[PDB]
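The chain that follows stands alone, in the form deposited in one PDB entry, written as structure tokens.
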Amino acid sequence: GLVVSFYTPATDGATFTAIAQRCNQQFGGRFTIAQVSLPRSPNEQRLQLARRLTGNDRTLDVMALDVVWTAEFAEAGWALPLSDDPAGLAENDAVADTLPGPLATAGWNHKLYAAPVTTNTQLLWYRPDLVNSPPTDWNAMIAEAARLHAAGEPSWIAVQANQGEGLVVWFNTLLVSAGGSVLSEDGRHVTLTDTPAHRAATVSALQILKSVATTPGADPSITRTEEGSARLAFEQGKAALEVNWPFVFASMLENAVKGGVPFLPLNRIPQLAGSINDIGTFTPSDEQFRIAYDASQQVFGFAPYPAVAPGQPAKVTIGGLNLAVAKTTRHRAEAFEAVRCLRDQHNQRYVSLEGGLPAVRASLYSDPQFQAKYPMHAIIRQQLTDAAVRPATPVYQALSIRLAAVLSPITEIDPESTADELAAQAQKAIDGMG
């Protein structure tokens, strides 16, 4: 039969490949889903997809889009509205049993242009052996890092924030948690410094970035043009504190069974031998998962994202992937059917438990079988319930590029002047000038 192309980020290739294979057994010769990988950064995923769309690549069918691209891909007509499904089933499937935050990321001008498949929110990860209590706010984070430095322990605070979208996500979380916002609701005005309260929020966020940057024992990966991994920095024992997406859970066990984690020698447990499947994925039995998790809990713990204002949780920036159908497709019906199968219950369980990507199906967070294998479900769902959002605007690419260029390196942030520079660059971005 025909082939529905399914473009996903390369680091999520295998996972989605597996999901496609499952769905391929359910169509039975009618058509086949073929996964194709896109580069690692959201900007490059966007660039590849945009080149194929403006180039009228008629072989491009289904796209796994970062939540930040919806607006653009809706305004350009690149992502077909879900109401363009010839079967008329896409919208109802997308809203059914799906968390409202992801759905909000999938909409534009009161219409859905994608069906959420994965969502994302950052947690705090710590070494319970070296850190007696997980810090609840960012000043506590700085104090704990300084204490670990004074104790000769790893004092890095591992944040996946080099000079790109990760840094913008960190800033957005800090800013919204402080009561601020990059843009107005309609995305037409810059709200970083337009009122005293807004400017105060921006200044507090920049101050937190600067103080984390210059904390005793700070990571030297920020003062360089690096592609460093906070996940691997934690897994190598260089950091006892990390804020990152939940996939680092699935990584930690997996890499520990492969022998790649020094302080967690899961590879030396005979009962875990063979728990790595033939394509390199940690697929434990129930008892093997119990063994691995109970061993990991003495050196690996999770906690809510640190608050900005002590006394209430943070507003954590939402991320994830929404499934959209490209306007270039020759088979709208099969593309939307594939979208529906790719996000069904079984594949959501798989994408969360094996792929490390938070599911969007609300039912799963109320499923005890799922909860027993995904111990972070409660914190994830609560952080998704009151999540921060990045601005939804068709010029988000230029906006994020300009904001990242100003923010980095965070060692050079001067809160007041940097706030003014951020507002000016954001204005340039939204003026059709970025």
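Position 1 is the first residue in the sequence shown; the rest follow in order.
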For the higher mean C-alpha B factor in the entry, choose 153-161 or 330-338. 153-161
Per the PDB entry, mean CA B-factor is higher for 230-238 or 172-180, namely for 230-238
Name the residue from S363, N109, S352, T105 with the greatest C-alpha temperature factor listed in the entry. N109
Among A314, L323, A94, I222, single out the one with the highest C-alpha B factor in the record, please. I222
Within this chain's modelled residues, let me know which third the CA B factor of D66 belongs to: lowest, middle or highest. lowest
Comparing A74 with the other modelled residues of its chain, is its CA B-factor in the lowest, middle or highest third? middle
What third of the chain, by the recorded C-alpha B-factor, contains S417? middle
Going by what the PDB entry lists, where does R46 fall on CA B-factor within its chain: lowest, middle or highest third? highest
Is the Cα B-factor recorded for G55 in the lowest, middle or highest third of its chain? middle
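Missing here is the form deposited in another entry; even so, the following discussion is about that form.
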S408 grouped with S221 as one rigid part between the shown form and the other one: yes
